[PDB]
>>> print(open('run.txt').read())   # compact mmCIF, N, CA, C and O atoms
# COMPACT_ATOMS: atom_id res chain seq x y z
N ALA T 1 -234.39 -39.03 -51.03
CA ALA T 1 -233.47 -39.64 -50.04
C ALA T 1 -233.32 -38.76 -48.81
O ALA T 1 -232.61 -37.75 -48.84
N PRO T 2 -233.98 -39.12 -47.70
CA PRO T 2 -233.92 -38.36 -46.45
C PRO T 2 -232.52 -38.38 -45.82
O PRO T 2 -231.97 -39.45 -45.56
N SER T 3 -231.97 -37.20 -45.59
CA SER T 3 -230.64 -37.09 -44.99
C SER T 3 -230.73 -36.61 -43.55
O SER T 3 -231.28 -35.55 -43.26
N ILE T 4 -230.19 -37.41 -42.64
CA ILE T 4 -230.21 -37.09 -41.23
C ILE T 4 -228.79 -36.87 -40.69
O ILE T 4 -227.87 -37.62 -41.01
N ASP T 5 -228.64 -35.83 -39.88
CA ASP T 5 -227.35 -35.49 -39.29
C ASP T 5 -227.35 -35.80 -37.80
O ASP T 5 -228.22 -35.33 -37.06
N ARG T 6 -226.39 -36.60 -37.36
CA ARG T 6 -226.28 -36.98 -35.95
C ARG T 6 -225.75 -35.82 -35.11
O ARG T 6 -225.68 -35.92 -33.88
N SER T 7 -225.37 -34.73 -35.77
CA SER T 7 -224.84 -33.56 -35.08
C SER T 7 -225.95 -32.77 -34.39
O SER T 7 -225.70 -31.72 -33.80
N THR T 8 -227.18 -33.27 -34.48
CA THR T 8 -228.32 -32.59 -33.87
C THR T 8 -229.14 -33.55 -33.00
O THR T 8 -230.34 -33.35 -32.80
N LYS T 9 -228.49 -34.59 -32.50
CA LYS T 9 -229.14 -35.58 -31.65
C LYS T 9 -229.79 -34.92 -30.44
O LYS T 9 -229.44 -33.80 -30.08
N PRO T 10 -230.77 -35.60 -29.79
CA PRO T 10 -231.46 -35.06 -28.61
C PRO T 10 -230.50 -34.46 -27.59
O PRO T 10 -229.89 -35.18 -26.80
N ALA T 11 -230.38 -33.14 -27.62
CA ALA T 11 -229.50 -32.44 -26.69
C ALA T 11 -230.14 -31.15 -26.20
O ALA T 11 -231.24 -30.81 -26.69
N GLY F 1 -253.87 -33.85 -34.23
CA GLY F 1 -253.31 -35.15 -33.77
C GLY F 1 -251.98 -34.99 -33.07
O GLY F 1 -251.51 -33.87 -32.86
N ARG F 2 -251.36 -36.11 -32.71
CA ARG F 2 -250.07 -36.08 -32.04
C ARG F 2 -249.17 -37.20 -32.53
O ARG F 2 -249.28 -38.35 -32.09
N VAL F 3 -248.27 -36.86 -33.45
CA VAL F 3 -247.34 -37.82 -34.01
C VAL F 3 -246.35 -38.31 -32.95
O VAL F 3 -245.74 -37.50 -32.25
N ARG F 4 -246.22 -39.63 -32.82
CA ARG F 4 -245.32 -40.21 -31.83
C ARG F 4 -244.92 -41.63 -32.21
O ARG F 4 -244.80 -42.50 -31.35
N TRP F 5 -244.71 -41.87 -33.50
CA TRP F 5 -244.32 -43.19 -33.99
C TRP F 5 -243.29 -43.06 -35.11
O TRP F 5 -243.20 -42.02 -35.75
N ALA F 6 -242.51 -44.11 -35.32
CA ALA F 6 -241.51 -44.09 -36.36
C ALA F 6 -241.69 -45.26 -37.31
O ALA F 6 -241.34 -46.39 -36.98
N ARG F 7 -242.22 -44.99 -38.49
CA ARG F 7 -242.41 -46.03 -39.48
C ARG F 7 -241.35 -45.90 -40.55
O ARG F 7 -241.35 -44.96 -41.34
N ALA F 8 -240.43 -46.85 -40.55
CA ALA F 8 -239.32 -46.85 -41.49
C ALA F 8 -239.73 -47.38 -42.86
O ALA F 8 -240.12 -48.54 -43.00
N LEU F 9 -239.60 -46.52 -43.86
CA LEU F 9 -239.91 -46.89 -45.24
C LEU F 9 -238.66 -47.48 -45.87
O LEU F 9 -238.71 -48.16 -46.89
N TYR F 10 -237.53 -47.20 -45.22
CA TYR F 10 -236.23 -47.69 -45.66
C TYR F 10 -235.44 -48.17 -44.45
O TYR F 10 -235.92 -48.09 -43.32
N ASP F 11 -234.23 -48.68 -44.68
CA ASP F 11 -233.38 -49.18 -43.60
C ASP F 11 -233.23 -48.14 -42.48
O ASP F 11 -233.85 -47.07 -42.52
N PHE F 12 -232.43 -48.47 -41.48
CA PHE F 12 -232.22 -47.58 -40.35
C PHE F 12 -230.89 -46.82 -40.44
O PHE F 12 -229.90 -47.33 -40.96
N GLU F 13 -230.89 -45.58 -39.93
CA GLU F 13 -229.71 -44.73 -39.95
C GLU F 13 -228.99 -44.75 -38.61
O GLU F 13 -228.08 -43.95 -38.37
N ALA F 14 -229.39 -45.65 -37.72
CA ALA F 14 -228.77 -45.74 -36.41
C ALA F 14 -227.34 -46.26 -36.51
O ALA F 14 -227.11 -47.46 -36.68
N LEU F 15 -226.38 -45.36 -36.39
CA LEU F 15 -224.97 -45.72 -36.46
C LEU F 15 -224.34 -45.70 -35.07
O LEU F 15 -223.24 -46.21 -34.87
N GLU F 16 -225.06 -45.11 -34.12
CA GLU F 16 -224.58 -45.02 -32.75
C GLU F 16 -225.13 -46.15 -31.90
O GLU F 16 -226.02 -46.89 -32.33
N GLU F 17 -224.61 -46.29 -30.68
CA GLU F 17 -225.06 -47.33 -29.77
C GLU F 17 -226.28 -46.88 -28.98
O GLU F 17 -227.17 -47.68 -28.67
N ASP F 18 -226.33 -45.59 -28.66
CA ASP F 18 -227.45 -45.03 -27.91
C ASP F 18 -228.66 -44.83 -28.81
O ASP F 18 -229.65 -44.22 -28.40
N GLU F 19 -228.57 -45.33 -30.03
CA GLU F 19 -229.66 -45.19 -30.99
C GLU F 19 -230.41 -46.50 -31.18
O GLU F 19 -230.13 -47.50 -30.52
N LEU F 20 -231.38 -46.48 -32.09
CA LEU F 20 -232.19 -47.65 -32.39
C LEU F 20 -232.33 -47.82 -33.90
O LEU F 20 -232.48 -46.84 -34.63
N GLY F 21 -232.26 -49.06 -34.36
CA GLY F 21 -232.36 -49.32 -35.78
C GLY F 21 -233.57 -50.14 -36.17
O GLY F 21 -233.84 -51.19 -35.58
N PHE F 22 -234.27 -49.67 -37.19
CA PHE F 22 -235.45 -50.35 -37.71
C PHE F 22 -235.21 -50.80 -39.15
O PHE F 22 -234.14 -50.57 -39.70
N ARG F 23 -236.20 -51.44 -39.74
CA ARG F 23 -236.08 -51.91 -41.11
C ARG F 23 -237.28 -51.49 -41.96
O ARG F 23 -238.24 -50.91 -41.45
N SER F 24 -237.21 -51.78 -43.25
CA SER F 24 -238.27 -51.43 -44.19
C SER F 24 -239.64 -51.89 -43.68
O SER F 24 -239.79 -53.01 -43.19
N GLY F 25 -240.63 -51.02 -43.80
CA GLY F 25 -241.98 -51.33 -43.36
C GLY F 25 -242.05 -51.78 -41.92
O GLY F 25 -242.51 -52.88 -41.63
N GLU F 26 -241.59 -50.92 -41.01
CA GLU F 26 -241.61 -51.25 -39.58
C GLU F 26 -242.29 -50.15 -38.77
O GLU F 26 -242.25 -48.98 -39.13
N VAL F 27 -242.91 -50.55 -37.66
CA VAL F 27 -243.60 -49.61 -36.78
C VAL F 27 -242.86 -49.47 -35.46
O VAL F 27 -242.50 -50.46 -34.82
N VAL F 28 -242.62 -48.22 -35.05
CA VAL F 28 -241.92 -47.94 -33.80
C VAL F 28 -242.69 -46.95 -32.94
O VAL F 28 -243.29 -46.01 -33.44
N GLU F 29 -242.65 -47.16 -31.62
CA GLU F 29 -243.34 -46.28 -30.69
C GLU F 29 -242.38 -45.21 -30.17
O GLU F 29 -241.43 -45.51 -29.45
N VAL F 30 -242.63 -43.96 -30.55
CA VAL F 30 -241.78 -42.85 -30.13
C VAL F 30 -242.12 -42.41 -28.71
O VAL F 30 -243.29 -42.30 -28.34
N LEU F 31 -241.09 -42.14 -27.92
CA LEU F 31 -241.27 -41.71 -26.54
C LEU F 31 -241.05 -40.21 -26.40
O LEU F 31 -241.55 -39.59 -25.46
N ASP F 32 -240.29 -39.63 -27.32
CA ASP F 32 -240.01 -38.20 -27.29
C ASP F 32 -239.74 -37.64 -28.68
O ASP F 32 -238.61 -37.66 -29.17
N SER F 33 -240.80 -37.13 -29.32
CA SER F 33 -240.69 -36.55 -30.66
C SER F 33 -240.27 -35.10 -30.57
O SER F 33 -240.20 -34.42 -31.59
N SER F 34 -239.97 -34.63 -29.37
CA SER F 34 -239.53 -33.26 -29.24
C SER F 34 -238.08 -33.17 -29.67
O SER F 34 -237.20 -33.74 -29.03
N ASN F 35 -237.87 -32.46 -30.77
CA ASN F 35 -236.56 -32.26 -31.37
C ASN F 35 -236.74 -31.85 -32.83
O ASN F 35 -237.78 -32.14 -33.43
N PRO F 36 -235.77 -31.15 -33.43
CA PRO F 36 -235.87 -30.71 -34.81
C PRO F 36 -235.29 -31.69 -35.82
O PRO F 36 -235.10 -31.35 -36.98
N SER F 37 -235.00 -32.92 -35.38
CA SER F 37 -234.43 -33.92 -36.28
C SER F 37 -234.38 -35.31 -35.65
O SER F 37 -235.03 -36.24 -36.12
N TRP F 38 -233.59 -35.45 -34.59
CA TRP F 38 -233.44 -36.75 -33.92
C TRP F 38 -234.35 -36.86 -32.70
O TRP F 38 -234.23 -36.09 -31.75
N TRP F 39 -235.25 -37.85 -32.72
CA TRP F 39 -236.16 -38.08 -31.60
C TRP F 39 -235.80 -39.38 -30.89
O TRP F 39 -235.34 -40.33 -31.51
N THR F 40 -236.03 -39.41 -29.58
CA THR F 40 -235.75 -40.60 -28.78
C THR F 40 -236.98 -41.51 -28.70
O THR F 40 -238.02 -41.10 -28.18
N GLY F 41 -236.85 -42.73 -29.20
CA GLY F 41 -237.96 -43.67 -29.17
C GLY F 41 -237.49 -45.09 -28.91
O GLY F 41 -236.35 -45.31 -28.51
N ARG F 42 -238.37 -46.07 -29.13
CA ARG F 42 -238.02 -47.47 -28.90
C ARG F 42 -238.81 -48.41 -29.81
O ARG F 42 -240.03 -48.26 -29.96
N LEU F 43 -238.11 -49.38 -30.39
CA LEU F 43 -238.73 -50.36 -31.28
C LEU F 43 -238.98 -51.66 -30.52
O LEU F 43 -238.04 -52.33 -30.10
N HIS F 44 -240.26 -51.99 -30.35
CA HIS F 44 -240.64 -53.21 -29.63
C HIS F 44 -240.22 -53.12 -28.17
O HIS F 44 -241.02 -52.73 -27.31
N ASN F 45 -238.97 -53.47 -27.88
CA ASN F 45 -238.46 -53.42 -26.52
C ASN F 45 -237.04 -52.84 -26.48
O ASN F 45 -236.39 -52.84 -25.43
N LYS F 46 -236.58 -52.35 -27.62
CA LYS F 46 -235.25 -51.75 -27.72
C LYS F 46 -235.36 -50.23 -27.69
O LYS F 46 -236.14 -49.66 -28.44
N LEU F 47 -234.59 -49.59 -26.82
CA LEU F 47 -234.62 -48.14 -26.71
C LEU F 47 -233.43 -47.49 -27.40
O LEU F 47 -232.29 -47.93 -27.24
N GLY F 48 -233.71 -46.44 -28.16
CA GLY F 48 -232.66 -45.73 -28.87
C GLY F 48 -233.19 -44.61 -29.74
O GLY F 48 -234.38 -44.57 -30.05
N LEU F 49 -232.31 -43.69 -30.13
CA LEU F 49 -232.69 -42.56 -30.96
C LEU F 49 -232.83 -42.98 -32.42
O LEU F 49 -232.24 -43.98 -32.84
N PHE F 50 -233.63 -42.24 -33.19
CA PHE F 50 -233.84 -42.56 -34.60
C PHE F 50 -233.96 -41.30 -35.45
O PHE F 50 -234.23 -40.21 -34.93
N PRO F 51 -233.77 -41.43 -36.78
CA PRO F 51 -233.86 -40.29 -37.71
C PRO F 51 -235.31 -39.95 -38.06
O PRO F 51 -235.95 -40.67 -38.83
N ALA F 52 -235.82 -38.86 -37.51
CA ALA F 52 -237.19 -38.44 -37.79
C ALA F 52 -237.34 -38.01 -39.25
O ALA F 52 -238.46 -37.82 -39.73
N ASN F 53 -236.21 -37.87 -39.93
CA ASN F 53 -236.22 -37.46 -41.33
C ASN F 53 -236.29 -38.68 -42.25
O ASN F 53 -236.90 -38.63 -43.31
N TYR F 54 -235.66 -39.77 -41.82
CA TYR F 54 -235.66 -41.00 -42.61
C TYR F 54 -237.02 -41.68 -42.57
O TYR F 54 -237.50 -42.18 -43.58
N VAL F 55 -237.64 -41.69 -41.39
CA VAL F 55 -238.95 -42.32 -41.24
C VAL F 55 -239.98 -41.32 -40.70
O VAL F 55 -239.62 -40.32 -40.08
N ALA F 56 -241.26 -41.60 -40.95
CA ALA F 56 -242.33 -40.72 -40.49
C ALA F 56 -243.34 -41.47 -39.62
O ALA F 56 -243.53 -42.68 -39.78
N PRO F 57 -243.99 -40.76 -38.67
CA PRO F 57 -244.97 -41.36 -37.76
C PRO F 57 -246.14 -42.03 -38.47
O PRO F 57 -246.20 -42.08 -39.70
N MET F 58 -247.05 -42.55 -37.66
CA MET F 58 -248.22 -43.24 -38.16
C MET F 58 -249.41 -43.00 -37.24
O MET F 58 -249.53 -43.64 -36.19
N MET F 59 -250.29 -42.08 -37.62
CA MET F 59 -251.46 -41.76 -36.81
C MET F 59 -252.52 -42.85 -36.94
O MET F 59 -253.19 -42.96 -37.96
N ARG F 60 -252.65 -43.65 -35.89
CA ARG F 60 -253.63 -44.74 -35.87
C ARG F 60 -254.68 -44.51 -34.79
O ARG F 60 -255.88 -44.72 -35.07
>>> encode(input="run.txt", output="structure tokens")
Amino acid sequence: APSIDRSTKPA
Amino acid sequence: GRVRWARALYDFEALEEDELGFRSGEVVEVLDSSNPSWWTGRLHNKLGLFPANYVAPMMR
């Protein structure tokens, strides 16, 4: 189950 | 090679508005895979960010 964090969005 | 596509094996993790959501067995054209997790791409004609961890590119 791949877990992605939005706290590292393109910035 | 140069990975620049988003093929969703599962649903989409796009919870934001500036993002993009795909579905199972879908092909997406990535515009910017530069990033350690979230890359900016677009599905068909919709532009938005996607989880590079949830889905993987497709070298064709």
>>> residues_around(input="run.txt", residues="residue 38 (chain F)", least_positions_apart="5", cutoff="6 Å", atoms="all atoms listed in the file", output="tab-separated table (two decimals) with N, CA, C and O atoms, keeping the file's coordinate frame")
chain	number	residue	atom	x	y	z
T	5	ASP	N	-228.64	-35.83	-39.88
T	5	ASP	CA	-227.35	-35.49	-39.29
T	5	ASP	C	-227.35	-35.80	-37.80
T	5	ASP	O	-228.22	-35.33	-37.06
T	8	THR	N	-227.18	-33.27	-34.48
T	8	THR	CA	-228.32	-32.59	-33.87
T	8	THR	C	-229.14	-33.55	-33.00
T	8	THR	O	-230.34	-33.35	-32.80
T	9	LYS	N	-228.49	-34.59	-32.50
T	9	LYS	CA	-229.14	-35.58	-31.65
T	9	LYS	C	-229.79	-34.92	-30.44
T	9	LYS	O	-229.44	-33.80	-30.08
T	10	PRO	N	-230.77	-35.60	-29.79
T	10	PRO	CA	-231.46	-35.06	-28.61
T	10	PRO	C	-230.50	-34.46	-27.59
T	10	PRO	O	-229.89	-35.18	-26.80
F	32	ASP	N	-240.29	-39.63	-27.32
F	32	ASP	CA	-240.01	-38.20	-27.29
F	32	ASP	C	-239.74	-37.64	-28.68
F	32	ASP	O	-238.61	-37.66	-29.17
F	50	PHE	N	-233.63	-42.24	-33.19
F	50	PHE	CA	-233.84	-42.56	-34.60
F	50	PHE	C	-233.96	-41.30	-35.45
F	50	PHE	O	-234.23	-40.21	-34.93
F	51	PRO	N	-233.77	-41.43	-36.78
F	51	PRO	CA	-233.86	-40.29	-37.71
F	51	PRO	C	-235.31	-39.95	-38.06
F	51	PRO	O	-235.95	-40.67	-38.83
F	52	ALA	N	-235.82	-38.86	-37.51
F	52	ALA	CA	-237.19	-38.44	-37.79
F	52	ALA	C	-237.34	-38.01	-39.25
F	52	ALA	O	-238.46	-37.82	-39.73
>>> residues_around(input="run.txt", residues="residue 25 (chain F)", least_positions_apart="5", cutoff="6 Å", atoms="all atoms listed in the file", output="VMD selection string")
chain F and resid 8 to 10
>>> closest_atom_pairs(input="run.txt", of="chain F", to="chain T", cutoff="9 Å", atoms="only C-alpha atoms", output="Markdown table")
| residue | atom | partner | partner_atom | distance |
| --- | --- | --- | --- | --- |
| F:13 | CA | T:4 | CA | 7.8 |
| F:15 | CA | T:6 | CA | 8.9 |
| F:16 | CA | T:6 | CA | 8.8 |
| F:34 | CA | T:10 | CA | 8.3 |
| F:35 | CA | T:10 | CA | 6.4 |
| F:36 | CA | T:8 | CA | 7.8 |
| F:37 | CA | T:8 | CA | 6.7 |
| F:38 | CA | T:9 | CA | 5.0 |
| F:39 | CA | T:10 | CA | 6.3 |
| F:40 | CA | T:10 | CA | 7.0 |
| F:49 | CA | T:9 | CA | 7.9 |
| F:50 | CA | T:9 | CA | 8.9 |
| F:51 | CA | T:4 | CA | 6.0 |
| F:52 | CA | T:4 | CA | 7.9 |
| F:53 | CA | T:2 | CA | 5.7 |
| F:54 | CA | T:2 | CA | 5.0 |
| F:55 | CA | T:2 | CA | 8.3 |
>>> atom_distance(input="run.txt", atom1="CA of residue 4 (chain F)", atom2="CA of residue 18 (chain F)")
18.9 Å
>>> atom_distance(input="run.txt", atom1="atom N of residue 57 (chain F)", atom2="atom N of residue 41 (chain F)")
12.0 Å
>>> atom_distance(input="run.txt", atom1="CA of residue 60 (chain F)", atom2="CA of residue 47 (chain F)")
21.4 Å
>>> select_by_dssp(input="run.txt", residues="chain F", states="strand (DSSP E or B)", output="JSON, numbers by chain")
{"F": [5, 6, 7, 8, 19, 26, 27, 28, 29, 30, 31, 32, 38, 39, 40, 41, 42, 43, 46, 47, 48, 49, 50, 51, 56]}
>>> residues_near_point(input="run.txt", point="(-255.2, -37.8, -35.0)", cutoff="7 Å", atoms="only C-alpha atoms", output="list in words")
residues 1, 2 and 59 of chain F
>>> residues_around(input="run.txt", residues="residue 17 (chain F)", least_positions_apart="3", cutoff="8 Å", atoms="only C-alpha atoms", output="MDAnalysis selection string")
chainID F and resid 14 20 48
